[PDB]
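1. This one's a deposited entry, sequence included:
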Protein chains: 2
Amino acid sequence: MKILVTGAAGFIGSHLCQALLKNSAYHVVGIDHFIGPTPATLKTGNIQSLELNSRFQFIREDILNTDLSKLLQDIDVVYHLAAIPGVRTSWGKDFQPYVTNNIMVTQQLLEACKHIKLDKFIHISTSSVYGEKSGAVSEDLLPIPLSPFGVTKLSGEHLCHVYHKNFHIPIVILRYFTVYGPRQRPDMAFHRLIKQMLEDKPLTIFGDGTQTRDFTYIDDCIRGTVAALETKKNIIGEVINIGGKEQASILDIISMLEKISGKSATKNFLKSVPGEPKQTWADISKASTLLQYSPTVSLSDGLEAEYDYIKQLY
Amino acid sequence: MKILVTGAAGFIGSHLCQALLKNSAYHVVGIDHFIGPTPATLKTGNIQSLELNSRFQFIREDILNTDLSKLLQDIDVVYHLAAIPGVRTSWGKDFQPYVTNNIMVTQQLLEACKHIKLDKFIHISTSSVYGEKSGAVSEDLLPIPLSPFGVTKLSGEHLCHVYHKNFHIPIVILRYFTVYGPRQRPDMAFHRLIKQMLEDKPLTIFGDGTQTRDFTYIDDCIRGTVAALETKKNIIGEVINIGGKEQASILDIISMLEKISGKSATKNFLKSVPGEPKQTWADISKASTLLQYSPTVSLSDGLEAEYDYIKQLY
Ligand SMILES: NC(=O)c1ccc[n+]([C@@H]2O[C@H](COP(=O)([O-])OP(=O)(O)OC[C@H]3O[C@@H](n4cnc5c(N)ncnc54)[C@H](O)[C@@H]3O)[C@@H](O)[C@H]2O)c1
Ligand SMILES: NC(=O)c1ccc[n+]([C@@H]2O[C@H](COP(=O)([O-])OP(=O)(O)OC[C@H]3O[C@@H](n4cnc5c(N)ncnc54)[C@H](O)[C@@H]3O)[C@@H](O)[C@H]2O)c1
Ligand SMILES: O=C(O)[C@H]1O[C@H](OP(=O)(O)OP(=O)(O)OC[C@H]2O[C@@H](n3ccc(=O)[nH]c3=O)[C@H](O)[C@@H]2O)[C@H](O)[C@@H](O)[C@@H]1F
Ligand SMILES: O=C(O)[C@H]1O[C@H](OP(=O)(O)OP(=O)(O)OC[C@H]2O[C@@H](n3ccc(=O)[nH]c3=O)[C@H](O)[C@@H]2O)[C@H](O)[C@@H](O)[C@@H]1F
C-alpha cells in the first residue's frame, strides 16, 4: 500500500521513511521543501539514504505549491511530519513561518483529504502543546502552550479534530516528547552539547540545568509511529502521547556525556529562554494499551548512539 | 485613561466605544480596516456619531500595516475585538484571512504590548472555541472547536496566555455567546431573518431550526465588557463567559418575529452547515462573581430593537 510522509528529509521523517521501506508491502512518497532550522546539506544526505530504495518517490516541493488532489489519489496513509519545529525562534518577526507551515499547511492537506478514501491521517504533534504541568500528563489534560510554536502545533491538532468531525477524515494525533539520537536536528540540546564536548568548548546550559525532559530515543519514537499504522486496535480520533524510557535533567545528561566521553565538562550557564517548560513527563498508559508501545532504549545507550553519529558527522 | 478598541467600527466595537465615551474620564482610540462580512456602508453608519466626539480618535488602517508604536503610545487599556468572525465561511481558500486577522493580528498586538505598561489587555473571544458541548459550559472545559474559524479564535486565546506567562501582559479573555441587537452584522441569523421577513422573502433555516443559542443582547454584552475594565479586583489571566438572559431555538425566534411584524414566515430549510454546534449555553456564574454581571434584556424587547434598526437601515 502507499504512504505519504510529509517532512521526509527531516530528522524524524527520514527515520520513519527508512522504517516503512523495510516492509516490501509499503511504497513511500516523501515530500520536503528543505526549510526550517536544519541546513539543506544534512537533509540532502537523508533523501540520498531513502532514494537507495526503489519503493521510495521523493517530491522536492512546498506542500502549499503541490497539486495535492493529484498527489493523494493513490495514497492510503498520510504521515504528516512537515512543520517548523524550533520552540525558541518563534517570537516577533520569526512567527509568520510557523503559522504558514504549521497551520496553513495542515489545513490545506486536510482540505485535500476530504474526498480521498484514506485508511489513516496520522498527524505528528508535540509535548509543547501542554505547557507547564506537574505529574505525568495524560492526553485529556487541558493544554496551555508556553510558546508561539506550541500555539501553532496545537492549532494543527484542532484542525485535525475539525476535519474528522465534519468530513470523517480518519485522523490520529501522536504527541512526541523531545526526540533524540542519530540525525537529531543541530538546534537541539543533545546535538549542541555533544558537539561542544567533542570540540572542548563550554557546554551551553539555558537556565540552571534543573529543567527535565521525557527524552524519547528515535527508534522508540518510530516503533510507536509505525504501530499507529499497524495496530489491531481502533485509534481513529485518539490523541496518543509517545514518550521515552527515562526522564532526566540537563545536569543529569551532562554527567551521562562525561561518562561516555571520559572528559569533564566546562559549563556555560546562560539565561533561561522564554517559552520553555521546566518539566515534560508523558503518561504513556494510552500508547501501551492502543499501540503496545514500550520504550526500550536507555539514555546511556541512546546518548552513545548519538555521540557516535555526531563524532562521524563533523 | 486612554483605551484602544480594535475593530472599533464593527457591531460590538462601535457600541463599546459609545459606552466608554459616556464617562468623561475616558479617551478612546478606535482602529478598523473595514473588512470581513459587513459592507463598508453599514460600518460608516456604525461610527458616524463617534467620530464627532472630541475624546474619540478613529484610524482606518490594517493593524498588520500600521505603526503599532504610534497606536499604543500611552494606552492604558486594550480592547481587542478586531477579527474575521464568520463561523460558516472559514473553509478552503476562505481560511487564509481568518489566520491573518485572528492569529497574526493578535500576535503582533501582544508583541507591541510587551514593553508598555497596560492596566489590562481585554481579548474578546467566542463560545465557538467550545465546539459541541452539552449543558451550560464553564471556562475550565477542554475546548475542541468544530470550525476552522473557532480554531483561529482559540489560537488567539492561547497567544494571550503565552504573552501573559512570559512577558506579564495583563490579559483578560471574554468569551461572548451569539450577540444580537441594533447594528448586528448582516451575516448573522437575526439580521438575515428580519431582512427576509421585511422583504417578504423566504426565511432561510439551516438544518431543522431546533438548534439553540445563548443569545446575548448587545447592551448586556457591553455592560459585562465595560465591567471587565472597571473592576479593581485581580481578574488577570481569567477566561470569563458573557452570555444572555434567554436561550432559544431558531423556530422560537421566528415565532417571536411573526408576533412583532404581524406577518407569517415562508420557510426554506437548507442543509445544516458543517462547523456549527446544535446548542450553545453559557455558565455565567464566573461573570456574576467577578464582574457582578447579570443580563436583563428579554428576547422580545431585544428582537423588537433589532427589527426597528433593520427596517430603518433598509
Ligand atoms: N524533534 C523532536 O524532538 C520533536 C518532538 C515533538 C514533535 N516533533 C514533530 O515531529 C515533526 C518532525 O520534526 P523534526 O525534528 O524531524 O523537524 P525537521 O525540521 O527535521 O523536519 C521537518 C521537515 O518538514 C519540512 N517542511 C516544513 N514545512 C514544509 C512545507 N511547507 N512543505 C514541505 N516540507 C516542509 C522541512 O523541510 C523539514 O525537513 C514535526 O512536526 C515536529 O514538530 C519533533
Ligand atoms: N457578534 C457575535 O455574536 C460575537 C460572538 C462571539 C464573539 N464575537 C467576537 O467579537 C468581536 C467583534 O465581533 P463583531 O460581531 O463586532 O464583528 P465585526 O465584523 O462587526 O467587527 C470586527 C471588526 O474588526 C475589523 N478588523 C478585522 N481585521 C482587522 C485588521 N487586521 N485591522 C483592523 N481592523 C480589523 C473589521 O473591519 C470589523 O469591523 C470579534 O472578535 C468576534 O469574534 C462576536
Ligand atoms: O517535544 C517537544 O515539546 C519539543 O521537543 C524538542 O524541544 P525541547 O526544547 O524540549 O528539546 P531540546 O532542544 O533538546 O532542549 C531541551 C532542553 O535543553 C535546554 N538546552 C538546549 C540547548 C542548549 O544548548 N542548552 C540547553 O540547556 C533547553 O532549554 C531545554 O530545556 C524539539 O526541539 C521540538 O521540536 C519539540 F516540539
Ligand atoms: O457565539 C459565538 O461564538 C458566535 O456567535 C455567532 O455565530 P452563530 O453562528 O451562533 O450566530 P448566527 O450566525 O446568529 O446563527 C445562529 C443560528 O442560526 C442558524 N442560521 C443562521 C443564518 C440563517 O440565515 N439561518 C439560520 O438558521 C445558524 O445555523 C445558527 O445555528 C457569531 O456570528 C460568531 O461571530 C460567534 F463566534
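-> Yes, it's here. Residues are numbered from 1 along each chain as shown, chains lettered A, B, ... in the order given. Ligands and ions are numbered 1, 2, ... in the order given.
2. Going by C-alpha atoms from here, please, whenever you check contacts or count neighbours.
-> Noted.
3. count of residues packed around residue A:36?
-> 16 (other Cα atoms under 10 Å in any protein chain shown).
4. ok so it is a helix residue?
-> No. Residue A:36 is assigned coil when assessed by DSSP: H, G, I helix; E, B strand; the rest coil, not a helix.
5. you'd agree it is up against residue A:85?
-> Yes. Using Cα atoms under 8 Å, residue A:36 makes contact with residue A:85 at a distance of 7.4 Å.
6. residue contacts, the residue in the stretch 201-314 of chain A that ligand 3 sits nearest to?
-> Residue nearest to ligand 3 within the stretch 201-314 of chain A: residue A:205 (3.6 Å; Cα to the nearest ligand atom). Counting by Cα atoms under 8 Å, 6 or more residues apart in numbering or on different chains, residue A:205 touches A:250, A:267, A:268, A:269, A:270.
7. where's the first one relative to residue A:210, distance?
-> Taking Cα to Cα, to the nearest Å as the criterion, residue A:250 is separated from residue A:210 by 6 Å.
8. between those two, who's got more neighbours?
-> Between residue A:250 and residue A:210, counted using other Cα under 10 Å, the more crowded position is residue A:250 (20 against 14).
9. Name the nearest residue to that one, ignoring sequence neighbours.
-> Spatial nearest neighbour of residue A:250, excluding adjacent residues (Cα to Cα, 6 or more residues apart in numbering or on different chains): residue A:209 at 4.9 Å.
10. that older thread, quick one, which of the contacts of residue A:205 are buried?
-> For those, a neighbour count by 16 or more other Cα atoms under 10 Å in any protein chain shown gives the buried set as residue A:250.
11. Include secondary structure when you put the contacts of residue A:205 into TSV, please.
-> Output for those, formatted as TSV (three-state DSSP):
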residue	secondary structure
A:250	helix
A:267	strand
A:268	strand
A:269	strand
A:270	strand
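12. can you put the contacts of residue A:205 in a markdown table and add distance to ligand 1?
-> Listed next are the contacts of residue A:205 as a markdown table, based on distance: Cα to the nearest ligand atom, whole Å:
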| residue | distance to ligand 1 |
| --- | --- |
| A:250 | 15 |
| A:267 | 23 |
| A:268 | 23 |
| A:269 | 22 |
| A:270 | 21 |
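13. which among the contacts of residue A:205 gets closest to ligand 2?
-> residue A:270 (37.6 Å).
14. contacting residues for that closest one?
-> Here residue A:270 is in contact with A:204, A:205, A:206, A:207 (Cα under 8 Å, 6+ apart).
15. Give the closest residue to it in space, chain neighbours not counted.
-> Leaving aside its chain neighbours, residue A:270 sits nearest to residue A:206 (4.8 Å; criterion: Cα to Cα, 6+ apart).
16. Please report how far the residue of the stretch 201-314 of chain A closest to ligand 3 lies from ligand 2.
-> 39 Å (Cα to the nearest ligand atom, to the nearest Å).
17. Surely that residue is in a strand?
-> Yes. Under three-state DSSP, residue A:205 sits within a strand.
18. do you know how far the nearest residue to residue A:96 once chain neighbours are set aside is from ligand 3?
-> Spatial nearest neighbour of residue A:96, chain neighbours left out: residue B:104 (7.4 Å); criterion: Cα to Cα, 6+ apart. With distances taken as Cα to the nearest ligand atom, residue B:104 is found 21 Å from ligand 3.
19. Give the helix, strand or coil label for residue B:104.
-> Criterion first, three-state DSSP; result for residue B:104: helix.
20. same thing with residue A:229?
-> Applying three-state DSSP: residue A:229 is helix.
21. Would you confirm that it contacts residue A:120?
-> Yes. Look at residue A:229 against residue A:120 with Cα under 8 Å: they come within range, at 7.3 Å.
22. Find the closest residue to ligand 4 in chain A.
-> residue A:166 (14.5 Å).
23. how about the nearest residue to that residue, chain neighbours excluded?
-> residue B:274 (5.9 Å).
24. what does residue A:181 give?
-> Using Cα to Cα, 6+ apart, the nearest residue to residue A:181 is residue A:306, at 4.6 Å.
25. just to revisit the earlier point, which other helices and strands does the strand or helix carrying the residue of chain A closest to ligand 4 contact?
-> If you go by DSSP states H and E, residue A:166 is part of helix A:148-167. Helix A:148-167 is packed against helix A:105-113, strand A:120-126, strand A:171-176, helix B:148-167, with contacts defined by 3 or more Cα pairs under 8 Å, 6 or more residues apart in numbering or on different chains; DSSP states H and E.
26. what about the residue in the stretch 201-314 of chain A positioned nearest to ligand 2, distance to ligand 1?
-> Nearest residue of the stretch 201-314 of chain A to ligand 2 (Cα to the nearest ligand atom) works out as residue A:275 at 25.5 Å. Using Cα to the nearest ligand atom, residue A:275 is found at 15 Å from ligand 1.
27. Which helix or strand contains that residue?
-> Assigned by DSSP H and E, residue A:275 falls outside every helix and strand.
28. Wait, it touches residue A:88, no?
-> Yes. With contact defined as Cα under 8 Å, residue A:275 counts as touching residue A:88 (7.0 Å).
29. These two: which is more packed in?
-> A side-by-side neighbour count of residue A:275 and residue A:88, using other Cα under 10 Å, places residue A:275 first with 25 against 15.
30. List the residues that contact the more buried one.
-> A:87, A:88, A:146, A:147, A:148, B:162, B:166.
31. Tell me how many other residues surround the first one.
-> Other residues near residue A:87 number 18, with proximity taken as other Cα under 10 Å.
32. in what helix or strand does it lie?
-> Counting by DSSP H and E, residue A:87 is found in no helix or strand.
33. tell me the contacts of it?
-> With Cα under 8 Å, 6+ apart, residue A:87 has these contacts: A:128, A:147, A:148, A:149, A:150, A:275, A:276.
34. redo that, cut-off 10 Å
-> A:128, A:146, A:147, A:148, A:149, A:150, A:188, A:273, A:274, A:275, A:276 (Cα atoms under 10 Å, 6 or more residues apart in numbering or on different chains).
35. Check chain A for the residue nearest ligand 2 and tell me.
-> For chain A, Cα to the nearest ligand atom, closest residue to ligand 2: residue A:96, 14.8 Å.
36. how close does the residue nearest to residue A:270 sit to ligand 1?
-> 17 Å.
37. give me every residue that touches that residue.
-> Contacts of residue A:206 by Cα under 10 Å, 6+ apart are A:189, A:250, A:268, A:269, A:270, A:271, A:272, A:273.
38. hang on, the earlier thing: can you list residues touching both of residue A:36 and residue A:85?
-> Common neighbours of residue A:36 and residue A:85 (Cα under 10 Å, 6+ apart) are A:98, A:101.
39. Tell me what residue A:79 is bridged to.
-> residue A:5, residue A:122 (DSSP bridges).
40. if I read this right, it contacts residue A:118, doesn't it?
-> No. Counting by Cα atoms under 10 Å, residue A:79 does not reach residue A:118; the two are 11.3 Å apart.
41. in stretch A:132-140, what's buried?
-> Applying 16+ other Cα under 10 Å to stretch A:132-140 flags A:132, A:133, A:137, A:138, A:139 as buried.
42. Equivalent analysis for stretch A:285-294, please.
-> A:285, A:286, A:287, A:288, A:290, A:291, A:292, A:293, A:294.
43. Output those residues as a markdown table; include the columns distance to ligand 2 and secondary structure.
-> Formatted as a markdown table, the buried residues of stretch A:285-294 follow (distance: Cα to the nearest ligand atom, whole Å; DSSP: H, G, I helix; E, B strand; the rest coil):
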| residue | distance to ligand 2 | secondary structure |
| --- | --- | --- |
| A:285 | 38 | helix |
| A:286 | 35 | helix |
| A:287 | 37 | helix |
| A:288 | 40 | helix |
| A:290 | 38 | helix |
| A:291 | 40 | helix |
| A:292 | 43 | coil |
| A:293 | 41 | coil |
| A:294 | 44 | coil |
